[PDB]
$ cat final29.csv   # CSV, N, CA, C and O atoms
chain,number,residue,atom,x,y,z
A,1,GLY,N,22.5,11.4,-57.8
A,1,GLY,CA,22.0,10.2,-57.1
A,1,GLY,C,23.0,9.0,-57.2
A,1,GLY,O,23.6,8.8,-58.3
A,2,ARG,N,23.2,8.3,-56.1
A,2,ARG,CA,24.1,7.2,-56.1
A,2,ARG,C,23.5,6.1,-55.2
A,2,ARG,O,22.4,6.2,-54.7
A,3,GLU,N,24.2,4.9,-55.1
A,3,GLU,CA,23.6,3.8,-54.4
A,3,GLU,C,24.1,3.8,-53.0
A,3,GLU,O,25.3,3.6,-52.7
A,4,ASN,N,23.2,4.0,-52.1
A,4,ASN,CA,23.4,3.8,-50.6
A,4,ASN,C,22.2,3.1,-50.2
A,4,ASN,O,22.2,2.0,-49.8
A,5,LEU,N,21.0,3.7,-50.5
A,5,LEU,CA,19.7,3.1,-50.4
A,5,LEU,C,19.1,3.2,-51.7
A,5,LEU,O,19.6,4.0,-52.6
A,6,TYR,N,18.2,2.4,-52.0
A,6,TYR,CA,17.6,2.4,-53.3
A,6,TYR,C,16.6,3.5,-53.6
A,6,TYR,O,15.4,3.3,-53.4
A,7,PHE,N,17.1,4.7,-53.8
A,7,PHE,CA,16.4,5.8,-54.2
A,7,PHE,C,17.1,6.6,-55.2
A,7,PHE,O,18.0,7.4,-54.8
A,8,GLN,N,16.8,6.4,-56.4
A,8,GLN,CA,17.4,7.1,-57.5
A,8,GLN,C,16.3,7.3,-58.5
A,8,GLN,O,15.6,6.4,-58.8
A,9,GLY,N,16.2,8.5,-59.0
A,9,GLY,CA,15.1,8.8,-60.0
A,9,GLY,C,14.1,9.7,-59.4
A,9,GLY,O,14.1,10.9,-59.7
A,10,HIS,N,13.3,9.2,-58.4
A,10,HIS,CA,12.3,10.0,-57.8
A,10,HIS,C,12.3,9.7,-56.3
A,10,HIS,O,12.7,8.5,-55.9
A,11,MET,N,12.0,10.6,-55.5
A,11,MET,CA,12.1,10.5,-54.0
A,11,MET,C,11.1,11.3,-53.3
A,11,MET,O,11.4,12.5,-53.0
A,12,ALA,N,10.0,10.8,-53.1
A,12,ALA,CA,8.9,11.4,-52.4
A,12,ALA,C,9.1,11.7,-50.9
A,12,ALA,O,9.0,10.8,-50.1
A,13,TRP,N,9.6,12.9,-50.7
A,13,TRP,CA,9.8,13.3,-49.3
A,13,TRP,C,8.6,14.2,-48.9
A,13,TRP,O,7.7,14.4,-49.7
A,14,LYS,N,8.7,14.8,-47.7
A,14,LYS,CA,7.6,15.7,-47.3
A,14,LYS,C,7.9,17.1,-47.8
A,14,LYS,O,8.8,17.3,-48.5
A,15,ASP,N,7.1,18.0,-47.3
A,15,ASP,CA,7.1,19.4,-47.8
A,15,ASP,C,8.3,20.2,-47.1
A,15,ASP,O,8.9,20.9,-47.8
A,16,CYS,N,8.5,19.8,-45.9
A,16,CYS,CA,9.5,20.5,-45.2
A,16,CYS,C,10.6,19.6,-44.7
A,16,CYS,O,10.3,18.4,-44.4
A,17,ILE,N,11.8,20.0,-44.6
A,17,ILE,CA,12.9,19.2,-44.2
A,17,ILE,C,13.5,19.8,-43.0
A,17,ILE,O,13.7,21.0,-42.9
A,18,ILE,N,13.8,18.9,-42.0
A,18,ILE,CA,14.2,19.4,-40.8
A,18,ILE,C,15.5,18.7,-40.5
A,18,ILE,O,15.6,17.5,-40.3
A,19,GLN,N,16.6,19.5,-40.4
A,19,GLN,CA,17.9,19.0,-40.1
A,19,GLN,C,18.2,19.1,-38.7
A,19,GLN,O,18.0,20.2,-38.1
A,20,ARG,N,18.6,18.0,-38.1
A,20,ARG,CA,18.9,18.0,-36.7
A,20,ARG,C,20.4,18.1,-36.6
A,20,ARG,O,21.1,17.2,-37.0
A,21,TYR,N,20.8,19.2,-36.0
A,21,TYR,CA,22.2,19.4,-35.8
A,21,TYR,C,22.5,19.0,-34.4
A,21,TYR,O,21.7,19.3,-33.4
A,22,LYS,N,23.5,18.2,-34.2
A,22,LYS,CA,23.8,17.7,-32.9
A,22,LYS,C,25.2,18.2,-32.7
A,22,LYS,O,26.1,17.8,-33.4
A,23,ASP,N,25.4,18.9,-31.6
A,23,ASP,CA,26.7,19.5,-31.2
A,23,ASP,C,27.4,20.4,-32.3
A,23,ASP,O,28.6,20.5,-32.3
A,24,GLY,N,26.5,21.0,-33.1
A,24,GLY,CA,27.0,22.0,-34.0
A,24,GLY,C,27.3,21.4,-35.4
A,24,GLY,O,27.8,22.0,-36.3
A,25,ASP,N,26.9,20.1,-35.6
A,25,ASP,CA,27.0,19.5,-36.9
A,25,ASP,C,25.8,18.8,-37.2
A,25,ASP,O,25.1,18.3,-36.3
A,26,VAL,N,25.5,18.7,-38.5
A,26,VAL,CA,24.3,18.0,-38.9
A,26,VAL,C,24.4,16.5,-38.7
A,26,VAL,O,25.2,15.8,-39.3
A,27,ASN,N,23.5,16.1,-37.8
A,27,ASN,CA,23.5,14.7,-37.4
A,27,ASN,C,22.5,13.9,-38.1
A,27,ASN,O,22.8,13.0,-38.8
A,28,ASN,N,21.2,14.4,-38.0
A,28,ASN,CA,20.1,13.7,-38.6
A,28,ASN,C,19.4,14.5,-39.5
A,28,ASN,O,19.4,15.8,-39.4
A,29,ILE,N,18.7,13.9,-40.4
A,29,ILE,CA,17.9,14.5,-41.4
A,29,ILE,C,16.4,14.0,-41.2
A,29,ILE,O,16.2,12.8,-41.3
A,30,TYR,N,15.6,14.9,-40.9
A,30,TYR,CA,14.2,14.6,-40.7
A,30,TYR,C,13.4,15.4,-41.8
A,30,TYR,O,13.9,16.2,-42.5
A,31,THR,N,12.1,15.1,-41.9
A,31,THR,CA,11.3,15.8,-42.9
A,31,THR,C,9.8,15.7,-42.4
A,31,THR,O,9.5,14.7,-41.7
A,32,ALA,N,9.1,16.7,-42.7
A,32,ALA,CA,7.7,16.8,-42.2
A,32,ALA,C,6.9,17.6,-43.2
A,32,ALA,O,7.4,18.3,-44.0
A,33,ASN,N,5.6,17.4,-43.1
A,33,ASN,CA,4.7,18.2,-43.9
A,33,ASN,C,4.6,19.6,-43.3
A,33,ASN,O,5.0,19.8,-42.1
A,34,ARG,N,4.3,20.6,-44.1
A,34,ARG,CA,4.0,21.9,-43.6
A,34,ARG,C,2.8,21.7,-42.6
A,34,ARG,O,1.7,21.2,-43.0
A,35,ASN,N,3.0,22.1,-41.4
A,35,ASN,CA,2.1,22.1,-40.3
A,35,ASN,C,1.9,20.7,-39.7
A,35,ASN,O,0.8,20.2,-39.6
A,36,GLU,N,3.0,20.1,-39.4
A,36,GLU,CA,3.1,18.7,-39.0
A,36,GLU,C,4.0,18.5,-37.8
A,36,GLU,O,5.1,19.1,-37.8
A,37,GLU,N,3.6,17.7,-36.8
A,37,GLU,CA,4.5,17.4,-35.7
A,37,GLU,C,5.2,16.1,-36.0
A,37,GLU,O,4.6,15.1,-36.3
A,38,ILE,N,6.5,16.2,-35.9
A,38,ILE,CA,7.3,15.0,-36.0
A,38,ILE,C,7.8,14.7,-34.6
A,38,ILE,O,7.4,15.4,-33.7
A,39,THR,N,8.6,13.7,-34.5
A,39,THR,CA,9.2,13.4,-33.2
A,39,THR,C,10.6,13.1,-33.5
A,39,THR,O,11.0,12.4,-34.4
A,40,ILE,N,11.5,13.7,-32.6
A,40,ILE,CA,12.9,13.5,-32.7
A,40,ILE,C,13.3,13.1,-31.3
A,40,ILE,O,13.3,13.9,-30.4
A,41,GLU,N,13.7,11.9,-31.2
A,41,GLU,CA,14.2,11.3,-29.9
A,41,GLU,C,13.3,11.6,-28.7
A,41,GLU,O,13.8,12.0,-27.7
A,42,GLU,N,12.0,11.3,-29.0
A,42,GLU,CA,10.9,11.6,-28.0
A,42,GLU,C,10.6,13.0,-27.8
A,42,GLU,O,9.8,13.4,-26.9
A,43,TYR,N,11.2,13.9,-28.5
A,43,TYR,CA,10.8,15.3,-28.4
A,43,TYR,C,10.0,15.6,-29.6
A,43,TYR,O,10.4,15.4,-30.8
A,44,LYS,N,8.7,15.9,-29.4
A,44,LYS,CA,7.9,16.2,-30.6
A,44,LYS,C,8.1,17.6,-31.1
A,44,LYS,O,8.3,18.5,-30.3
A,45,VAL,N,8.1,17.8,-32.3
A,45,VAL,CA,8.5,19.0,-33.0
A,45,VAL,C,7.4,19.4,-34.0
A,45,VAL,O,7.2,18.6,-34.9
A,46,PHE,N,6.9,20.6,-33.9
A,46,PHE,CA,5.9,21.0,-34.9
A,46,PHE,C,6.6,21.9,-35.9
A,46,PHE,O,7.2,22.8,-35.6
A,47,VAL,N,6.4,21.4,-37.1
A,47,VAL,CA,6.9,22.2,-38.3
A,47,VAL,C,5.8,23.0,-38.8
A,47,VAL,O,4.8,22.5,-39.2
A,48,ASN,N,6.1,24.3,-38.9
A,48,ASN,CA,5.2,25.3,-39.4
A,48,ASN,C,5.2,25.2,-40.9
A,48,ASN,O,6.1,24.6,-41.5
A,49,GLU,N,4.2,25.9,-41.5
A,49,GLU,CA,4.0,25.8,-43.0
A,49,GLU,C,5.1,26.3,-43.9
A,49,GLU,O,5.2,25.9,-45.0
A,50,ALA,N,6.0,27.1,-43.3
A,50,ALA,CA,7.1,27.7,-44.0
A,50,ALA,C,8.4,26.9,-43.7
A,50,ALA,O,9.5,27.3,-44.0
A,51,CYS,N,8.1,25.7,-43.2
A,51,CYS,CA,9.2,24.7,-43.0
A,51,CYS,C,10.2,25.2,-41.9
A,51,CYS,O,11.3,25.5,-42.2
A,52,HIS,N,9.7,25.3,-40.7
A,52,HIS,CA,10.5,25.6,-39.6
A,52,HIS,C,10.0,24.9,-38.4
A,52,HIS,O,8.8,24.9,-38.1
A,53,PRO,N,10.9,24.1,-37.7
A,53,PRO,CA,10.5,23.3,-36.6
A,53,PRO,C,10.4,24.0,-35.2
A,53,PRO,O,11.3,24.9,-35.0
A,54,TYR,N,9.5,23.7,-34.4
A,54,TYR,CA,9.4,24.3,-33.1
A,54,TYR,C,9.1,23.2,-32.1
A,54,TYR,O,8.3,22.3,-32.2
A,55,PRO,N,9.9,23.2,-31.0
A,55,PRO,CA,11.0,24.3,-30.8
A,55,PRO,C,12.2,24.0,-31.7
A,55,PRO,O,12.4,22.9,-32.2
A,56,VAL,N,13.1,25.0,-31.8
A,56,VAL,CA,14.3,24.9,-32.6
A,56,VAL,C,15.4,24.3,-31.8
A,56,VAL,O,16.3,23.7,-32.4
A,57,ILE,N,15.4,24.5,-30.6
A,57,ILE,CA,16.5,24.0,-29.7
A,57,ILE,C,15.9,22.8,-28.9
A,57,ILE,O,14.8,22.9,-28.3
A,58,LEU,N,16.6,21.8,-28.9
A,58,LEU,CA,16.2,20.6,-28.1
A,58,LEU,C,16.9,20.7,-26.7
A,58,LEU,O,17.7,21.5,-26.5
A,59,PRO,N,16.5,19.8,-25.7
A,59,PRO,CA,17.1,19.9,-24.4
A,59,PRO,C,18.6,19.5,-24.3
A,59,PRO,O,19.3,19.8,-23.4
A,60,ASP,N,19.1,19.0,-25.4
A,60,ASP,CA,20.5,18.7,-25.6
A,60,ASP,C,21.2,19.9,-26.2
A,60,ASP,O,22.4,19.9,-26.3
A,61,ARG,N,20.4,20.8,-26.7
A,61,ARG,CA,20.8,22.0,-27.4
A,61,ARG,C,21.2,21.6,-28.8
A,61,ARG,O,22.1,22.2,-29.5
A,62,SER,N,20.5,20.6,-29.3
A,62,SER,CA,20.6,20.2,-30.6
A,62,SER,C,19.9,21.3,-31.4
A,62,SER,O,18.8,21.8,-30.9
A,63,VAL,N,20.4,21.6,-32.5
A,63,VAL,CA,20.0,22.6,-33.4
A,63,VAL,C,19.1,22.1,-34.4
A,63,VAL,O,19.4,21.2,-35.1
A,64,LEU,N,17.9,22.6,-34.5
A,64,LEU,CA,17.0,22.2,-35.6
A,64,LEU,C,17.0,23.3,-36.7
A,64,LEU,O,17.0,24.5,-36.4
A,65,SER,N,17.0,22.9,-37.9
A,65,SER,CA,16.9,23.9,-39.0
A,65,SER,C,16.0,23.3,-40.0
A,65,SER,O,16.2,22.2,-40.5
A,66,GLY,N,14.9,24.1,-40.3
A,66,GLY,CA,14.0,23.6,-41.2
A,66,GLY,C,14.0,24.4,-42.5
A,66,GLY,O,14.3,25.6,-42.5
A,67,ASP,N,13.8,23.7,-43.6
A,67,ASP,CA,13.8,24.3,-44.9
A,67,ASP,C,12.8,23.6,-45.7
A,67,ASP,O,12.3,22.5,-45.1
A,68,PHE,N,12.5,24.0,-46.8
A,68,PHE,CA,11.6,23.2,-47.7
A,68,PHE,C,12.4,22.1,-48.3
A,68,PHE,O,13.5,22.3,-48.7
A,69,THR,N,11.8,20.9,-48.3
A,69,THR,CA,12.5,19.8,-48.9
A,69,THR,C,12.7,19.9,-50.4
A,69,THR,O,13.5,19.2,-51.0
A,70,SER,N,11.9,20.9,-50.9
A,70,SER,CA,11.9,21.2,-52.3
A,70,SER,C,13.4,21.6,-52.8
A,70,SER,O,13.9,21.2,-53.8
A,71,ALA,N,14.1,22.3,-51.9
A,71,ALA,CA,15.4,22.8,-52.2
A,71,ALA,C,16.4,21.9,-51.5
A,71,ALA,O,17.6,22.3,-51.3
A,72,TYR,N,16.0,20.7,-51.2
A,72,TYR,CA,16.9,19.7,-50.5
A,72,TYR,C,16.9,18.4,-51.2
A,72,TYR,O,17.8,18.1,-52.0
A,73,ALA,N,15.9,17.6,-51.0
A,73,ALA,CA,15.7,16.3,-51.6
A,73,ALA,C,15.2,16.5,-53.0
A,73,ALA,O,15.5,15.8,-53.9
A,74,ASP,N,14.4,17.6,-53.1
A,74,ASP,CA,13.8,18.1,-54.3
A,74,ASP,C,12.7,17.2,-54.9
A,74,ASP,O,11.6,17.7,-55.0
A,75,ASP,N,13.0,15.9,-55.1
A,75,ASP,CA,12.1,15.0,-55.8
A,75,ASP,C,11.8,15.5,-57.2
A,75,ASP,O,11.0,16.4,-57.4
A,76,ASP,N,12.6,14.9,-58.1
A,76,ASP,CA,12.5,15.3,-59.5
A,76,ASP,C,11.1,15.1,-60.0
A,76,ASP,O,10.6,14.0,-60.0
A,77,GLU,N,10.4,16.2,-60.2
A,77,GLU,CA,9.0,16.1,-60.6
A,77,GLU,C,8.7,15.7,-62.0
A,77,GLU,O,9.3,16.3,-62.9
A,78,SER,N,7.9,14.7,-62.1
A,78,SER,CA,7.5,14.2,-63.4
A,78,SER,C,6.7,15.3,-64.1
A,78,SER,O,5.9,16.0,-63.6
A,79,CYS,N,7.1,15.6,-65.4
A,79,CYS,CA,6.5,16.5,-66.2
A,79,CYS,C,6.1,15.8,-67.5
A,79,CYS,O,4.8,15.5,-67.6
$ encode --input "final29.csv" --output "structure tokens"
Amino acid sequence: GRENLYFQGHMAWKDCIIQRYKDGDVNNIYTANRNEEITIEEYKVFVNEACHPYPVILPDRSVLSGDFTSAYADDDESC
């Protein structure tokens, strides 16, 4: 963790993380609950329970890739 935005220590993100690839490179980072519709540039996207956005391709042919935020932002869980 470093200083860009003030999030160091703990970081409550959603269940699923949706990376928006624009032109073959990761442009934006989105996140959604399992079974949740987000919106990306007025395109609404439903993320399934296993963290996968639908549809995966946008009208721009932006590539969406969903994974669990668990293995991304993680959010250091208090024990």
$ closest_residue --input "final29.csv" --among "A:15, A:42, A:49, A:37" --to "residue 68 in chain A" --atoms "all atoms listed in the file"
A:15
$ residues_around --input "final29.csv" --residues "residue 46 in chain A" --least-positions-apart "5" --cutoff "4.5 Å" --atoms "all atoms listed in the file" --output "VMD selection string"
chain A and resid 36 to 37 52 to 54
$ closest_residue --input "final29.csv" --among "A:25, A:69, A:76, A:59" --to "residue 11 in chain A" --atoms "only C-alpha atoms"
A:76
$ closest_residue --input "final29.csv" --among "A:63, A:9, A:16, A:43" --to "residue 30 in chain A" --atoms "all atoms listed in the file"
A:16
$ atom_distance --input "final29.csv" --atom1 "atom N of residue 2 in chain A" --atom2 "CA of residue 70 in chain A"
17.6 Å
$ closest_residue --input "final29.csv" --among "A:12, A:79, A:17, A:45" --to "residue 32 in chain A" --atoms "only C-alpha atoms"
A:17
$ closest_residue --input "final29.csv" --among "A:10, A:35, A:51, A:1" --to "residue 75 in chain A" --atoms "all atoms listed in the file"
A:10
$ atom_distance --input "final29.csv" --atom1 "CA of residue 55 in chain A" --atom2 "CA of residue 29 in chain A"
16.0 Å
$ select_by_dssp --input "final29.csv" --residues "chain A" --states "strand (DSSP E or B)" --output "VMD selection string"
chain A and resid 16 to 22 25 to 32 36 to 40 43 to 48 52 to 54 57 63 to 68
$ closest_residue --input "final29.csv" --among "A:26, A:18, A:5, A:57" --to "residue 38 in chain A" --atoms "only C-alpha atoms"
A:18
